[PDB]
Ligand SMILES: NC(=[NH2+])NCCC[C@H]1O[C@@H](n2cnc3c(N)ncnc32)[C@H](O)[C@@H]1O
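Taking the form deposited without the ligand, here's one chain by itself in structure tokens.
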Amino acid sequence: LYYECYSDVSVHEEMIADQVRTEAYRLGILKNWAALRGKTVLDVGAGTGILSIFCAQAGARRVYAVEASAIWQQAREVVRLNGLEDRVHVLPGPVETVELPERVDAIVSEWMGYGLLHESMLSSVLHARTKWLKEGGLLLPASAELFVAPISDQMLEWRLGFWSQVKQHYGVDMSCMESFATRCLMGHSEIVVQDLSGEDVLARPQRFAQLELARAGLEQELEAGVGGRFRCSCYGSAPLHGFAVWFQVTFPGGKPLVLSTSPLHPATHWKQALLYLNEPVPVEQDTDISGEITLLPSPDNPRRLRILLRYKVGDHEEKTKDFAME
């Protein structure tokens, strides 16, 4: 028989094979053994169930693993296989309307999407806190931070310069293709998910927001836009291609465990979210760059990430570019 679960198997494979992600959660949960042991937990967007089993293994008394997608069935199978059907309970459907027998002492979730908030489960986590979390109850992870830096994307640089190098390899000039490749690769308003390294970072990264997940007003702030201003000074001479946005999340310490998606840190499946200018701009050591970044819901889909960028490079005029995920 035939199945169309290829894409489905692929994404869960990707998340679990992300050892930075998955080991951070394993360790972050065990860090909170003292506050979990004998306690009840809700896992929002439980997927294949691995995080809920981790909670069990930190000594949680009972875990409710809620998952709306079709993978919920594999999660029940996995729970059973680990001898935990008595303690970890798999409930299909969205957390917004699932009905539990009791309020919980903790919520755990890997809710983060690309650019933190693309197709993320944050709204669901916050709905569940309000509805099902006891007072004094805990959230794992407990906070997030957002960062921006200017970039000189060395791979993009190579793709654009490609056409001018054709002469040197095949003896035909194609340098005229360069303006075209620039229009095609940068002349759009889509957020590009791509992994960079420090070789691409052109100024000290800046934190432009800090979100305490349990704080009053966050659901409203998500609606109106999460972001802030930033200022930085370039390291050296390079083509500025735009900006990169990434995040970290923090687990309580029970020294906090930080899971980072920075290009200066080990790679993760989240990579980074790249915001390209329409064409490269030359910068130099100490060229100043300021601006503002705002993460927003899209008009027809709150879970499709929009990013509004305002930026000023040196003594160029401030400009605006409004981006969205495909």
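All residue numbers are counted from 1 along the displayed sequence.
If you look for the form deposited with the ligand bound, you will not find it shown, but the lines that follow are about it.
- Taking non-hydrogen atoms only, residue 132 never approaches the ligand to within 4.5 angstroms in the deposited complex.
- Taking non-hydrogen atoms only, residue 214 never approaches the ligand to within 4.5 angstroms in the deposited complex.
- Within 4.5 Å of some heavy atom of the ligand in the deposited complex lies at least one heavy atom of residue 111.
- Taking non-hydrogen atoms only, residue 35 never approaches the ligand to within 4.5 angstroms in the deposited complex.
- The stretch that touches the ligand in the deposited complex, counting heavy atoms within 4.5 Å, is 103-111, out of 195-203, 77-85, 103-111, 226-234.
- Of the listed positions (47, 263, 28, 291), a single one reaches within 4.5 angstroms of the ligand by any non-hydrogen atom in the deposited complex, namely 47.
- Interface residue among 221, 178, 96, 173 relative to the ligand in the deposited complex, by the heavy atom within 4.5 Å criterion: 96.
- In the deposited complex, 119, 121, 124 are the residues of 116-151 with at least one heavy atom within 4.5 Å of the ligand, listed from first to last.
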